[PDB]
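Residue numbers (my numbering), protein chains in the order written: chain A, 2 to 363; chain B, 2 to 363; chain C, -4 to 93; chain D, -4 to 93; chain E, 5 to 84; chain F, 307 to 387; chain G, 23 to 116; chain H, 424 to 518; chain I, 44 to 150; chain J, 2 to 109.
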Amino acid sequence: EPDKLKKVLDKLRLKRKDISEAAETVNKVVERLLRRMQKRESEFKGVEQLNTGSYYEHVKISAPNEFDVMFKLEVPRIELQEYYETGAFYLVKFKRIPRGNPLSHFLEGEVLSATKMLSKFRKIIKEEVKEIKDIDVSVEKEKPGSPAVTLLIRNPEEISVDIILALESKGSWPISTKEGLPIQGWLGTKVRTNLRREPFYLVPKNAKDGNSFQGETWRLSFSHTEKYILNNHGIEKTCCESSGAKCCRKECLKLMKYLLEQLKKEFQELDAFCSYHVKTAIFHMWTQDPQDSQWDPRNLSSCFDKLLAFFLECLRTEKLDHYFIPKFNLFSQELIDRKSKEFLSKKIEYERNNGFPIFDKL
Amino acid sequence: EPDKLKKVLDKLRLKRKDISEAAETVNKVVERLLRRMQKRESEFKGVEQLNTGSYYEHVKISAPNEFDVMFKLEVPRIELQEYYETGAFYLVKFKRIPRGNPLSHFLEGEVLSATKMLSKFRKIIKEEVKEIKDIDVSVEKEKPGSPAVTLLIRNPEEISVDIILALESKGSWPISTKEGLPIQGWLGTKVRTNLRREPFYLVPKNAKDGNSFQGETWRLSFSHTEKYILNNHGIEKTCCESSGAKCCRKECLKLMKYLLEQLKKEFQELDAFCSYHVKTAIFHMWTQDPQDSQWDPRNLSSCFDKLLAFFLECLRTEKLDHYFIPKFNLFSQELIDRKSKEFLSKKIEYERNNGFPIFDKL
Amino acid sequence: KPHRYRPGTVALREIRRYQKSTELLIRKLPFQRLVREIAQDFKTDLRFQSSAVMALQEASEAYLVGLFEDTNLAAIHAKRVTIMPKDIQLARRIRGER
Amino acid sequence: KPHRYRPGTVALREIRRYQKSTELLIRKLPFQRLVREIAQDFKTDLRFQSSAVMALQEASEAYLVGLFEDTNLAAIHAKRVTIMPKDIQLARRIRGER
Amino acid sequence: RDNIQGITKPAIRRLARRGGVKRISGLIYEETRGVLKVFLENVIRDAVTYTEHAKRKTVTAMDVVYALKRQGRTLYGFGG
Amino acid sequence: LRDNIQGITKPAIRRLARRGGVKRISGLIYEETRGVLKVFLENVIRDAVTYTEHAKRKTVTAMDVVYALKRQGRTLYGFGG
Amino acid sequence: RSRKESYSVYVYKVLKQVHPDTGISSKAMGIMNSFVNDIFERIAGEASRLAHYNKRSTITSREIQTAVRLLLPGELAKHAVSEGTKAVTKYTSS
Amino acid sequence: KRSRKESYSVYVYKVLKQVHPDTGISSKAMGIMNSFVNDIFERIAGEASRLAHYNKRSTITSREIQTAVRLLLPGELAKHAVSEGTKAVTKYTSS
Amino acid sequence: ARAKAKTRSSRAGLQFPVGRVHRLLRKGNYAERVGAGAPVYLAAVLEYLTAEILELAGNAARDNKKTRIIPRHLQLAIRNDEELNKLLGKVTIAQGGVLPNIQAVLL
Amino acid sequence: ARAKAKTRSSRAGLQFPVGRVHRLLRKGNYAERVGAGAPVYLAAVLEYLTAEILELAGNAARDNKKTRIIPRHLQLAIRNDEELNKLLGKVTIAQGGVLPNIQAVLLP
DNA sequence: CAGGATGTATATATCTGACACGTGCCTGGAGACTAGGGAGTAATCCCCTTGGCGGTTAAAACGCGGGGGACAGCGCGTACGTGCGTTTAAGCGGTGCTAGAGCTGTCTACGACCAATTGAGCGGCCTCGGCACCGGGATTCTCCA
DNA sequence: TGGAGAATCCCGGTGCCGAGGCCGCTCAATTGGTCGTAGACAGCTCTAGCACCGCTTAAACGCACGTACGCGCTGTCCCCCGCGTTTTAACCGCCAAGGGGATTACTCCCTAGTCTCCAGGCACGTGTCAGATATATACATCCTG
Ligand SMILES: [Zn+2]
Ligand SMILES: [Zn+2]
C-alpha cells in the first residue's frame, strides 16, 4: 500500500532533516579544508570537491557516524591496462608524456603506486588538520584495507567522513564501454555522444586479491553520468521536478535501497551486494521499460512487484550484464556466492509475502 | 762604321723633332676627343688611350701623313676560340655572363660582330667630330680592308691618325702562350710570373681570307710587355738610361727598322714583312745572346753583322718560332712567299757587301 | 559617438575569428590570371586542373601568412606596431632568400 | 690625450683585419673539454682524432659568426648599435629553431 | 593584362589580419605584390619544367607537390 | 673537470663578434651565447655519438661528424667533405 | 582496370584499435598515407647511406633502429625501439 | 689490404691544365672539389631516381639528365650545360 | 596440401602490412636482399607513431566537439607538442589554420 | 684482334672517366638499365661546371697575387656570383672566410 | 561606475551528400625448395690516441676613465581605422567539346652479362720553389689647432 | 692645417716541405656475342578546361574624422673600450701501450625465384546524419558622462 511507503518516505525525510544540519557542517568544514589544500603546495594543487548533490538519492549514506564527500583531481594522458579481464578493474599507467610527468618517484616503474600517493595524501591532510583547528577535527587511522580517509569531527556529534580521491580523466572511454550504455532507441544517440564526449573517473579500491597489485587495482567511476541519468530518468527528461508527470522511480529506488539497508543490518551474513547492484538493475529495467504509464504512484505497487519480478528473473538466469560493461556480468560467483543469492531471494520472498514487515517500524 | 750610323741616327732625331710638334698637336686633339668619348653615352664609356710612349722606338711610324695612337677598352669574361691553328689569330666569343652582357645585338649569335661595333664606333666618332670643331678635324673613309679609322687633321699639315681599338682582357693567357716567352734562365721566372699576372690585348685585323669571318678574326697584342721588355732589354734592367752601360740595342733596332723602311719604299714588291718580324727576331737573338759585352758601341759593327748572320740563319733554316707562340712559326710560306724571302736575302746582301749605300743619303 | 569603435578592437575580434578560421580570403580568378600570366613567359598554350590551382592558393597563402607572423614578431622586437619593409627584407635575409 | 683612440675606430681596423683573416680565435683545449663534457652524458669512454675536433671548431665558429652577422643586421633594422638578446631569439625564431 | 593590382588591398588587409597585424602601413602592398610574384615565379617555373618532362599539355597537381617538396614546403591533402 | 663552460673567455666572444661585424657589445650576451652555442653542440654531438656507436667504434672519426652536418643541412668541406 | 593500393585499410584498422568511435574527412587519410610514406623514404635513404658506410648488401633491423635513434626526437625513439624490438622477437617465436 | 681509393684529382688536374695550366693548386681544395662533385651528382642522381619513378621507367637516358640539371640549375648556365651535354653525346654517337 | 595463410601482420600481431611493405621495400631499388625482420620493425614503428598521432587527433576533435576529423585539429595537436613539431616543423597543412597567439605587449 | 684499349672519354673528347663514372652509377643503386649517353651527358655537364669553377678560382687567386689555392678566394667567388651562390647557399667551407661588407648606417 | 547595441554561443528543425557497408574479382602474398655467396668471427698488426712532463708567451682577467647611445618623456601631424553607398566581378549552373591522358600490342634496339688483356692511376720516394717571416723604409690616419 | 707613433705594405734570405714527377701493377674497362625487354608508336576512349551567359552581392573604392606613433629632441648615466700586470695555461715535442679497426677463411642462412591458391581492396551503389542556414535569446564589451 502506497501510504505505508509514504510514511517510511517521510521518516527518511526527517532523517534527511537531521543529515542537513550534520552533513552541512561537514560540507562547510571539508570545503574549508579543501580550500586549505589548494594553497598548500603539493602535487594535489588542483583537487576540488566533486559534488553529487546532497539528497539521499544524491549521496550513498548509512549510519550517522559515517558520511562521504567525493573529491576530483584532473590527470594527464593515461593508458588503461586491464588486469580484471571481466571488465571491472584496470591498472594505472601513463602515456608518453614528452613534458615529463612530475610523479616518477610515485610511479612504480611504469605502474602508478596508489599506496605512496594515498600515504602522502593522508600525511598532508593530517598535517593541515593539525595546522588549523577552528572546528574540532581529527584524522582517524582505520585498517589498511579500505582507502577512505576517515576524519572524526566532534561538531555537533561524532561525524566521520570517508575522504576518497577520484581522478578526473579525459583519457580513452575504453573498449569495455563500446557496446555499453544502450540508450540509442529508448532515449537517443545524440545525448549518448555528448555524454561520451565528457570525462570520467576511476576509484582506487583493492579488489579480490587474485592480483599482484592491491590498492593499485582501480574500479570504474562515472558518478556525473549517474546523477545526470538520475535527474533524466523518465522518457520525458524534465521529470523529478514540477513540470513533468511525477513518477515513482526515485521513490522505488529509495524503497529497495533502504529495504536492503535494513535487510543487511538485520541479516549480517550478506554485505557484498553494495549500492551499485540495484543501480545497474534499474538501468536494465528501464532499457526494457518502454512505457511511462507503469511509473506513477497509481502504478507504484504494480511497478514495484514488476521490479521484484525483473530482479528475481535476473537472479534465476544468473546474468546481470553491467550497463557500462555488458561483457562484465557482475553476477559472478567469484565475488558473490550462490547460496548467499539463494538466501537473498528467500529474504525477498520474506519481505514480499508478509506485507513488508520491516517497514511497519520507523 | 759607327759614325755614319750616328749621323743617320741624328737624322732620325731631327725627324723626331718634327714628329714632336706634329704628333703632340695630334696627341692633344685625340686626348680632347677621347675625353669627349667618355661623356658621350655609349657601350664605349670607358675607352682611354693606351700609351706606348712617344719615341720612334715607342710608336710604329712611317710617312708624316700617317700616325697611330693605341686605345684601350676593358672587356668582361672572354672565351678564346682558335680558328688559326698555327696560333696567331682567334675568334671573339664571351663566357656565361650571369649578369647579362650588354652587346647581344652586337653578338653574332655567340660570336662577336667586330663589323657592327667598328661601324657604330666610326659613327659615334664622326658624330662627335662634327659636334665640336675647335681644331680642323675630319674622319677619312678609306677602303673596308684595314679597320683603322683615319682622322684627317689640317693642323699644321695634313696629319691623318689611324684610330684602332685594342681590348683590355684579363681572360685566359691562352694555352698557345704556355711555352711562350722563355726568360727563365737568362732573365728570370719571378718577373715572368708577375708579367703573366697582368692583362693583355687582341687587335681586330682581317687576316688571310681562308675563313668565314673577316675582320672578326683577331690577332694577339701585348704592347705593354713590348714597351716593358724595350726598357728592360739588357741583362742589367736599368739600361737605356744614365745608370747602366749603354748598349746599341735600340740603336741597331732603329737601324734595321728604318733600313727595311727605306728598303720597302725603294723595292715595292715586298710589304708583308711588317715591324713585328724584327721584334720577335731580336727577342730570339737575345734569348740566344748570353753576353752584354757584345752589345756596346765598340761592338756595334760586330753585333750588327752578328744580327744579320742570325736572321739569315733563321731564313735558311726557314724557322722563326714566335716568342709568345713557339708553335706559331711565322716563317710560313702561306703568308710570306719563298721567292720574296730570297730577294729579301739578296737585298740584305746588297746592303751588306756595298757599305750600306742607302744610308749615305739623309 | 554611440558605438564608434576604437582602432584595433575590431581588428582584435577579426584576428580571433581569423586564427579560428581556415578558409581562404582570395577571389581565385585574378590569382589564376596571374598564374597563367607568369606561366606564359616560360611557355604559353597549357591547360590545368583547378585542384593544382587551389593547392597553389593554399601553399602561397600559407607561406605569406607565415611571413606575416615572422614580420609581426620582427616589428615586435623592433618595438613598434605598424609594418615596415625592412623587417620583411631581413626575414628573407635571415632565411638566405635575399 | 696624445693617441687615446675613440671607440669603434680600433674596432673598425679590427673588423677589417678579421674579415680579411680566416684563422680561428679559440684556444682549442677548453673547447674540446666541453666537447667531451657534452659527449660523456650520452656515453663516456670514447677517443677521437683531433681532425674532427678542428672540424667542430670550424663549423661551430662558422655557424656563430653567421648568427653574428644576422643579429648585427637585426639590431641595424632595430636602429641601434649595441647587441641585445631578443634579436638573437627572433633569429632562432625565424629559422624555426625556437 | 597586369592582374597584380587585382589582389585588392582590403583582401591583403584581411590576410595580414589573419597574420596577426595591428596597424598596416599603406606602402607595403606593392612590396608584398612583388615578393609574392617572385615566389609564384619560382613555383610555376618548377611546375612547368616538371610538366615539360611529363610531356603533358595540361598540368596536374603531383608535379606541384614535387615542386613544393623540393622547395622544402611539404604539404599533403592534394593526393600523393 | 668542472666549469669549462666559463672557459669561453669573453674577449674571444668579443673578437668573434668583431669578425661578426658588431660595434658595441652588451655585457649580458656572453651567457646567452654560451647557452645557444651549447645547445647547438649538443644537437651535433648526440647524433655523432649515435653514428660512432652504430659504427661500433670506441673512437670518433671525422666522417660521422660530416654526416651529422649533412643530415642537419650544414654540409662542410675541408676535411675530406 | 586501374586498381591502386592505399593504406586507409590499415589506417582505419589502427584507428579503430585505439579509438573505434570516429569518422574522418578523407583529406586527412591521404595526408597520413603520404606522410608515413615520406617518413619511410627518409628512413630507407638513410639506411641505404648507412649500409653504404657499412659496405653491406642487405638490410636488417639493427641499422634501422640506429638510424631511428639518429633521426627521432627524445624518449619517443626509446619507446619505438621497445615497440619494434619486442614485436620482432615476438615474431621470431612464430 | 692497401685499399687503393678512388679520387678525381687526376681528372681535376686534367681539366685544370685544360683551362689553367699556369696555376698551382693545393690538395685540401682538391678534396673539397671532389666532395662537392660527389654531392651534386648525388642530388642529380636521387632526383633522376625519383623522376624515373614518377614516369615508372626502368631506364634513365640523357633527356632525363638534361631535364634534371635544368630543374636544378638557374638560367644561362643550364642552357650551356645542355649544349655541352648534347654536343658530346651526339659526338659519341659518331664515336 | 596447402597451409592456409596466417598473415605475417598477424604473426607479428599488428595491423600494418608485411607482404605489401616487403614488396615496396624490394621494389624500391634500395637493396637486392632485405632481411625479414626489417618490415616487421618498420611496420611496428610506423603503426606505433600512427596510433600516437591518431590518439591526439581524436583527443583534439572530441575537445572541439566534432564528429569527423578536420585538419585544424591535426595542426593544433602537432604544434601542441615539442617532439612532433620538432620532427614536423616545416610541413604545411591545407585548411589547418594557425595556432592563435598574441604577444602581451599588443594589449 | 686485341686492339689498343681506348678510353671512352677520348671518343667523347673530354677529360673525365667514363668507365669509372658508369661503374659508380651501377654502384649507385638507382635504376635497372642505363642509357649509354647518360654517363657521357652527366660527365660533360660536370666538366663544364668545374671549368666554370676553376676559371674564377684561379681568377680570384691571381687577383690575390697568389700561385696556389686556399678556401678564402673560393668562397669569395662563390658569394660574388648570383646563380652559383643561390645554388650553393647553405654550404659551409673550412677557413673560407666571410665576405667583407659593412652597412652605411655603421659608417659616419 | 551603467546601459545599450552589437557580437556570439546556444537551441530547433531541415536536407543533402558524404561515409560506412556489401559484393565480385583477380593480383599479389604464403608454402616449399635450392643456390650460393654475404656477413660473423679469429688472429694479427700497426698506428694512433691519450698521458704527461717542461718551457713561453701571448692572451685573458682585472682595475679605470669617459663620453655616448639608450632611454624617459613631449609636441605633432597624418594616415590609417571606421562607416557607407556605388560599382563589379566572383561564383552557380548549364552546356558542350575536344584535345589529351590512359590502355594495349608488339617489336626491336639495347643494355646486362661473361672472358682476356691492358694500362692507368694509385701507393710511395725525389725534389726544388713558393712562400711565411722577420727586418726595415714608405704611406695613410686621425684626433688637434 | 701638423704630427706621430701606429698600423700597414714591399723587398731578402732561409728552411722546408710538399706539389708534382716516376715505378709497379691490378683490376676494371673493352670487345664481342646473347637475350629479354622498355618504350615507342599507334590508335581508341572518356573528361574537364575553356568559354560563355546571365545573374546576384558583398567587396573595393572613395570618401571624411580623428588620434596616436614615430620622430626629433634634451638630460643623464652606466658601460665598453683602451691600457697595463699577472697568471696561466695552451702549444711543441716524447714516449708508451694497447686497442681497435682492417683483413681472411669458412660457413650458414636466407632471400630470389618458381609455382598455387586465396582474399583484399576497389568500384560502385545506397541509406542515413552532421552540420549549414535561418532565426532567435542571452550575455560580453566599450564608451562616455
Ligand atoms: Zn522527484
Ligand atoms: Zn737608350
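Idealized CB from N, CA, C, for every residue including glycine.
Query raised in the report: Any C-beta of chain E sitting closer than 8 Å to the C-beta of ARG42 (chain C)?
Result: Stepping through the third sequence from its first residue, residue 42 (chain C) is reached at position 47. At least one CB of chain E lies nearer than 8 Å to the CB of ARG42 (chain C).
Query - Closer than 8 Å to chain C by CB, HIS(-2) (chain D) - result: Translated into positions along the fourth sequence, residue -2 (chain D) becomes position 3. Cβ-Cβ to chain C under 8 Å: no for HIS(-2) (chain D).
Requested in this report: Quickly, what does DSSP pair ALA167 (chain B) with across the bridge? List them, please.
Outcome: Residue mapping note: residue 167 (chain B) aligns to position 166 of the second sequence, counting from 1. Partner(s): B:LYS73.
**Report entry** Best match in A:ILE126, A:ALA149, A:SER147 and A:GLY146 for proximity to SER139 (chain A) [C-alpha to C-alpha]
**Finding:** Residue mapping note: residue 139 (chain A) aligns to position 138 of the first sequence, counting from 1. Comparing Cα positions, the closest option is A:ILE126.
Query raised in the report: So, does the CB of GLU83 (chain J) fall closer than 8 Å to a CB anywhere in chain B?
Result: One-based indexing of the tenth sequence puts residue 83 (chain J) at position 82. Yes, because at least one Cβ of chain B sits closer than 8 Å to the Cβ of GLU83 (chain J).
Requested in this report: Identify the continuous alpha helix (DSSP H) that holds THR281 (chain A) and give its terminal residues.
Outcome: Taking the first residue of the first sequence as position 1, residue 281 (chain A) is located at position 280. Its alpha helix (DSSP H) spans residues 277 to 289.
Query raised in the report: Cα separation between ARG17 (chain A) and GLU49 (chain A)?
Result: Taking the first sequence and counting its residues from 1, one reaches residue 17 (chain A) at position 16. Taking the first sequence and counting its residues from 1, one reaches residue 49 (chain A) at position 48. Spanning the two alpha carbons is a distance of roughly 25 Å.
**Report entry** Where the segment 197 to 219 of chain B meets chain H: residues whose CB sits under 7 Å from a CB there
**Finding:** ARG197
Report task. Would you kindly work out how many angstroms separate the C-alpha atoms of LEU188 (chain A) and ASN195 (chain A), rounded to a whole number? Result -> Within the first sequence, residue 188 (chain A) is the residue found at index 187, counting from 1. Within the first sequence, residue 195 (chain A) is the residue found at index 194, counting from 1. Approximately 13 Å between the Cα atoms of the pair.
Query raised in the report: Should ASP67 (chain E) be labelled buried (16 or more other beta-carbon atoms within 10 Å of its own) or exposed?
Result: Counted from its first residue, the fifth sequence places residue 67 (chain E) at position 63. When all chains shown are included, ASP67 (chain E) counts as buried.
Report task. Report all residues from its chain with a CB closer than 8 Å to the CB of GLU262 (chain B); omit the five preceding and five following residues, and keep chain order. Result -> Along the second sequence, read from residue 1 onward, the residue named residue 262 (chain B) stands at position 261. Hits under 8 Å: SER63.
Query raised in the report: When the cut-off is 8 Å and only beta carbons count, does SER458 (chain H) lie next to chain F?
Result: The residue you call residue 458 (chain H) lines up with position 35 of the eighth sequence. With 8 Å as the cut-off, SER458 (chain H) counts as an interface residue toward chain F.
Report task. Report whether the distance from the Cβ of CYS241 (chain A) to the nearest heavy atom of ligand 1 is below 7 Å. Result -> Looking up residue 241 (chain A) in the first sequence gives position 240. Checking every heavy atom of ligand 1 against the Cβ of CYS241 (chain A), one is found closer than 7 Å.
Requested in this report: With 8 Å as the limit, tell me which residues of the segment 46 to 59 of chain E have their beta carbon closer than that to any beta carbon of chain H; keep them in chain order.
Outcome: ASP50, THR53, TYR54, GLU56, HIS57 and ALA58
Query raised in the report: At a CB-CB cut-off below 8 Å, which residues of chain A make contact with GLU97 (chain G)?
Result: On the seventh sequence, residue 97 (chain G) is found 75 positions in, with the first residue counted as 1. Chain A residues near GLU97 (chain G): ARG97 and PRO99.
Requested in this report: In the DSSP assignment, find the unbroken alpha helix (DSSP H) run with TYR229 (chain B) in it and report its ends.
Outcome: Counting from one through the second sequence, the residue named residue 229 (chain B) turns up at place 228. In this chain, the alpha helix (DSSP H) harbouring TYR229 (chain B) covers 224 to 232.
Query raised in the report: With burial defined as no fewer than 16 other Cβ atoms inside 10 Å of the residue's Cβ, what is the status of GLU2 (chain A): buried or exposed?
Result: For this step, residue 2 (chain A) is matched to residue 1 along the first sequence. Label assigned to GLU2 (chain A): exposed.
**Report entry** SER147 (chain A) versus A:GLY172, A:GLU128 and A:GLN215, residue with shortest Cα-Cα distance
**Finding:** By one-based count along the first sequence, residue 147 (chain A) stands at place 146. It is A:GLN215.
Report task. May I ask you to check if the CB of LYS191 (chain A) is nearer than 7 Å to at least one heavy atom of ligand 1? Result -> Along the first sequence, one-based indexing puts residue 191 (chain A) at 190. Flag unset: Cβ of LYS191 (chain A) not near ligand 1.
Requested in this report: Hey, could you find the ends of the beta strand (DSSP E) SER45 (chain D) is sitting in?
Outcome: Within the fourth sequence, the letter at position 50 stands for residue 45 (chain D). Premise fails: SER45 (chain D) lies in the alpha helix (DSSP H), 45 to 72, not in any beta strand (DSSP E).
Requested in this report: Under the assumption that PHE95 (chain A) contacts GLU80 (chain A) (Cβ atoms under 8 Å), give the Cβ distance between them as a whole number of angstroms.
Outcome: As a first step, residue 95 (chain A) is located in the first sequence; it is residue number 94 there, counting from the start. As a first step, residue 80 (chain A) is located in the first sequence; it is residue number 79 there, counting from the start. Correct: roughly 7 Å between the Cβ atoms.
Query raised in the report: Residues bridged to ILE483 (chain H) by DSSP?
Result: Within the eighth sequence, numbered from 1, the residue matching residue 483 (chain H) stands at position 60. According to DSSP, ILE483 (chain H) bridges with J:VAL35.
Query raised in the report: What is the residue span of the alpha helix (DSSP H) that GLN27 (chain D) lies within?
Result: The sequence position of residue 27 (chain D) within the fourth sequence is 32, counting from 1. Start and end: 23 to 37.
**Report entry** Candidates J:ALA32, J:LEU89, J:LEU108 and J:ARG21: closest to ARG480 (chain H) by CA position
**Finding:** Within the eighth sequence, numbered from 1, the residue matching residue 480 (chain H) stands at position 57. Nearest C-alpha to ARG480 (chain H): J:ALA32.
Query - Per-residue burial, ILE48 (chain E) [other beta carbons within 10 Å of its own, 16 or more giving buried] - result: Against the fifth sequence, residue 48 (chain E) aligns to sequence position 44. By the 10 Å Cβ count, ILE48 (chain E) comes out buried.
Report task. Flag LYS247 (chain A) as yes when its Cβ comes closer than 7 Å to any non-hydrogen atom of ligand 1, and as no otherwise. Result -> For this step, residue 247 (chain A) is matched to residue 246 along the first sequence. In this structure, the C-beta of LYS247 (chain A) approaches ligand 1 to less than 7 Å from one of its heavy atoms.
Query - Contacts of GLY326 (chain F) in chain D (Cβ-Cβ under 7 Å) - result: The count along the sixth sequence starts at 1 and reaches residue 326 (chain F) at position 20. Neighbours of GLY326 (chain F) in chain D, taken as residues whose beta carbon is under 7 Å from its own, are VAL60, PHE63, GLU64 and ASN67 in chain order.
**Report entry** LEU92 (chain A) to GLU126 (chain I) span [Cα, whole Å]
**Finding:** On the first sequence, position 91 is the one that residue 92 (chain A) refers to. On the ninth sequence, position 83 is the one that residue 126 (chain I) refers to. Roughly 27 Å separates the two Cα atoms.
Query raised in the report: Could one say the Cβ of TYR32 (chain G) lies closer than 8 Å to chain I's Cβ atoms, at least one of them?
Result: Residue 32 (chain G) sits at position 10 when you count from the first residue of the seventh sequence. By this cut-off, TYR32 (chain G) is an interface position.
Query raised in the report: Within 10 angstroms of its Cβ, does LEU34 (chain B) collect 16 or more other Cβ (buried), or is it exposed?
Result: Within the second sequence, residue 34 (chain B) is the residue found at index 33, counting from 1. So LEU34 (chain B) counts as buried.
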